[PDB]
Structure formats: structure tokens, C-alpha cells
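J.: Quick one: the structure is below, questions incoming.
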Amino acid sequence: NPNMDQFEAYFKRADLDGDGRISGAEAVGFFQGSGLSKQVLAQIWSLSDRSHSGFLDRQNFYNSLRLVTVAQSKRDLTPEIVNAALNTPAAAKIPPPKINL
Ligand SMILES: [Ca+2]
Ligand code: NA
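Note that the sequence shown covers residues 5 to 105 in the deposited numbering.
In C-alpha cells, the structure reads:
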């Protein structure tokens, strides 16, 4: 499957209970494979849980994956970078991240 959807594959791996949402605990466990600091992952979680419900839907989780890629590229998150990933078609250019599984 050379064109396999890696965002979807990560969503399915992260969603341990199959309820179609990524819970806080599921995100903590999944992103332990990201190589990022807990401070950065906290900021990504906050930015991604747009409804403040404690769960990420698919869109929210894919956006958290995009922010993880930017952080793995050693770019400092700025308000402009965050908005570019969350609210503009620049998001489509961001690869899925590398996650140790
Ligand atoms: Ca879940
Ligand atoms: Na939410």
C-alpha cells in the first residue's frame, strides 16, 4: 500500500478502544513515541481539543499530528504556525509525523 493514509493509520492505532475519539490518556500513550517534550505535547493537546471536551475527533487528531511534525522539524510553534496548521490550506502540505510504536 504505497499510498496508504498514514494519518488514518495513526488514528486507528491511537484509538485503543475504538470509540472513534482520542482521549487524553490515549494521546499521552500515543505521543510517548514522538520524541517531543511534555511541554510541547501539552501545548499541542490544548490547541487540538478545540471543543475543550477532553477528546479529539479525527480532524483534531490529524491536526495534532501535523503540529507534531512541525515540532519534529525543530520549528518553534508561533501563533502564525499554529494558525497555518489549524485554519489554512497550508495544513495539507504538512507530512504525518514519525511515531515510535
Ligand atoms: Ca478512544
Ligand atoms: Na474535543
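We put the CB at the ideal spot given by N, CA and C, even for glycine.
1. Am I right that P101 and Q76 are in contact with their C-beta atoms under 8 Å? What's the rounded C-beta distance?
2. For the pair the segment 39–55 and the segment 66–83, tell me if three or more CB-CB distances fall below 8 Å.
3. On the premise that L90 lies in contact with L40, defined as a C-beta separation below 8 Å, what is that separation, rounded to the nearest angstrom?
4. Beta carbon of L69: closer than 7 Å to some heavy atom of ligand 1?
5. Tell me the DSSP secondary structure of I85 in three-state form.
6. Run through DSSP, which three-state label would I26 get?
7. Please classify residue 1: is it buried, with 16 or more other beta-carbons within 10 angstroms of its beta-carbon, or exposed?
8. When the Cα of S55 is compared with those of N5, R25, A96 and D21, which residue comes out closest?
9. Say the cut is 7 Å; is the CB of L60 nearer than that to a heavy atom of ligand 2?
10. For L51, does the three-state DSSP call read helix, strand or coil?
T.: Looking at the atomic coordinates:
1. 6 Å
2. Contact holds: three or more Cβ-Cβ distances are below 8 Å.
3. The Cβ separation is near 18 Å, so there is no contact.
4. no
5. helix
6. strand
7. The structure shown does not extend to residue 1, since the chain is modelled only from 5 through 105, so no value can be given for it.
8. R25
9. yes
10. helix
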